[PDB]
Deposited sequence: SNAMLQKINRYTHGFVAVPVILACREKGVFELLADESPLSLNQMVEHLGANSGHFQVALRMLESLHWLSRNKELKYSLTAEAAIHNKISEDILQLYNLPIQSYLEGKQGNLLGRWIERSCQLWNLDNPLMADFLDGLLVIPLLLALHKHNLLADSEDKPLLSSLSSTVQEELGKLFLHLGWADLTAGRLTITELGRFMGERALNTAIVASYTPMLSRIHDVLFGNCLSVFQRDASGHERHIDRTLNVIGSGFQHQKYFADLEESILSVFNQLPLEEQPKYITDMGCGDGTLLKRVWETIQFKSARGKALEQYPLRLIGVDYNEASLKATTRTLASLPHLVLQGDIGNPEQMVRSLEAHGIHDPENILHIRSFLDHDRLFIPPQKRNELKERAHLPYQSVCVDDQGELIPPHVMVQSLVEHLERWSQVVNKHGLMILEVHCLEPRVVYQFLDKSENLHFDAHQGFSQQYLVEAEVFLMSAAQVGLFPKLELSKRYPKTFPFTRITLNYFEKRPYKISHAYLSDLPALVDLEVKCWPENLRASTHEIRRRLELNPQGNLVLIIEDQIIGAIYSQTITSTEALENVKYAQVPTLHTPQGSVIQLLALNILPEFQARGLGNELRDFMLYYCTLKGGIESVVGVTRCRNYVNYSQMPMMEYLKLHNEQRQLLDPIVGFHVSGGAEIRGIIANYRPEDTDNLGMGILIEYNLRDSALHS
């Protein structure tokens, strides 16, 4: 895990370096030295920038602690940004080197001078930034080496044995400098780090697939972004190498697929075999690996796996891309299966396509999906009054429309709620299992800079017009449309740190909603105090009104008939007197109408609130 840290620095630099160089040459850092505290729009106007893409770049610089952002939302330089002058722009040549030919012995001493500058730490006094620049050298080469498994043991043929004398010599120097090899027994031999790097090479396939977009990021930020992102004459994407991207998604999503085992077993060990689903529909099936791995868990480890004849099961793969449809059919050629054109954004049309293929009982479907709700077509929000209720919440996401302009976070969140509302209307008693990936706040990304992927991942999702939100905002959006996690099956990653980047939730429909408490709700929250406490132990309308304005996202409400049945308030005060910890006051106040206690709604609200607080 202290080796993933090295990989993480490489993938960070792969994205960060061209963003840094584009901003430098446009004048971003000079502008902030001349005029300081500037808002986003002040900089957009001075630079002629695309405001959405430029906000993605600002978030990344804040996450490096190169910029700070004040309470008026105005940016200024920090002292760490000064290293930006030392970076040489010709490093950008590494994105197009012909690495495969070089490994074939057909390009001479191509990497010699780059490897020498890496041995000098790129003439920076900053080892961290030297690692960032190393990523532009390492990642294309790692992927090329993985092609032919060149970065592997003395499997009767020693380390660099199959290559030309020139490339043995240049790669031998790099590997020894990176710690990928050592001189055991007088020969060049792989180390643990070098074996680890070869095995994990495909973790870098996703940032590498964005190379066309990254080598044009000047135009994304400051030019006609549409000459990027516009599609082929054959209809393929130009900002990305989609076939390498999918190979990368697949390799990386595997370790989360296995953790779906407990949820899948809980469904197919469920007592009456007759009440189990008849179909498993994976929306965004890609290459079909998740459906295959699911099918094998059921066949060989579940009760239903012993009753496939009385109780047939059929896998259904939905995807928008023709190539994924063809790939899934091959992966699932041995299994009972159906494959359909369809879209994450249109679950009703998926239901209509299922009928055309003979499936008229969609109430017997278990729905699953991984890493796809963020990659949907933006549909602007249509519930205008609901949009205005949430306009004051401090959401911390960044999303770009197809004109390069910033989508306001509350508009994006209202659009996610309407998207999950469409899904809740086709979900049935068997529920909906979702793996999803989330963004973080810049202050948190810097504190854990090389413990997580967010610095580069959140950037290239932002640039490519995909829509990440915080773990707990996704959770709150499902609950506002009546979908709730089965808490004992949920998982959050990374398990060992106080932030959440990935969530696994098996959502369940329930006959209520959970929402934030707003100011319009204040009468009903006052009455809830009268109905829940004796007159001496009641909170004051002053106190309650405080809680709604200090912590608008710290107070949850359970609604039934447009009636507020219960409310829960969390508040924490830290003393202002003078990693370690000082004087604090912590308060958690649950109100539930006597009417509804026996059903346990108090328990369900309290338990939801504790998991929401853990995701935060």
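Missing from the model, relative to the deposited sequence, are the stretches 1, 580 to 592, 631 to 713.
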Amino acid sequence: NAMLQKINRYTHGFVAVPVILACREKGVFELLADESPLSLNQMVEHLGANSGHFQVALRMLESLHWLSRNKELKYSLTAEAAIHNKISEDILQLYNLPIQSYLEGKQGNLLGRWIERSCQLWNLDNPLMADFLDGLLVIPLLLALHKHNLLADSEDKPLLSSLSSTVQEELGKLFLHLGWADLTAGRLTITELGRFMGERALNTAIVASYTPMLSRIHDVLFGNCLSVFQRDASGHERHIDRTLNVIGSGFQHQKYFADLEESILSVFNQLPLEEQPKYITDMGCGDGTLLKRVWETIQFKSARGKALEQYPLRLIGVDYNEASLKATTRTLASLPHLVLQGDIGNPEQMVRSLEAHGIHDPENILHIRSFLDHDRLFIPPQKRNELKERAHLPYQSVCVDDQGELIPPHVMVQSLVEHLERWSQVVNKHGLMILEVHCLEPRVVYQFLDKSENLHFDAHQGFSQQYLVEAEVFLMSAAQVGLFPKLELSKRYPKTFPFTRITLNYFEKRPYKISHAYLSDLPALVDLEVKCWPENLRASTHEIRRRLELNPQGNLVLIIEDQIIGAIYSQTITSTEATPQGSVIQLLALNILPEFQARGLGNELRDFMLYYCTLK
From here on, numbers count along this sequence of modelled residues.
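Of the two segments examined, 166 to 174 and 433 to 441, it is 166 to 174 that shows the higher average Cα temperature factor in the deposited entry.
Between 521 to 529 and 154 to 162, the higher mean Cα B-factor belongs to 154 to 162.
The top Cα temperature factor in the record, among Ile368, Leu133, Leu183, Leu221, falls on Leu183. Across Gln581, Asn41, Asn555, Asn50, the entry's maximum B-factor at the CA atom is seen for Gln581. The PDB entry assigns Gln55 a C-alpha temperature factor belonging to the lowest third of its chain's modelled residues. Remark: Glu418 belongs to the lowest third of its chain, ranked by C-alpha B-factor as recorded. Sort the chain's modelled residues by C-alpha temperature factor and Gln461 lands in the lowest third, per the entry. In the deposited entry, the Cα temperature factor of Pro18 places it in the lowest third of its chain's modelled residues. Sort the modelled residues of the chain by CA B factor and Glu72 lands in the middle third.
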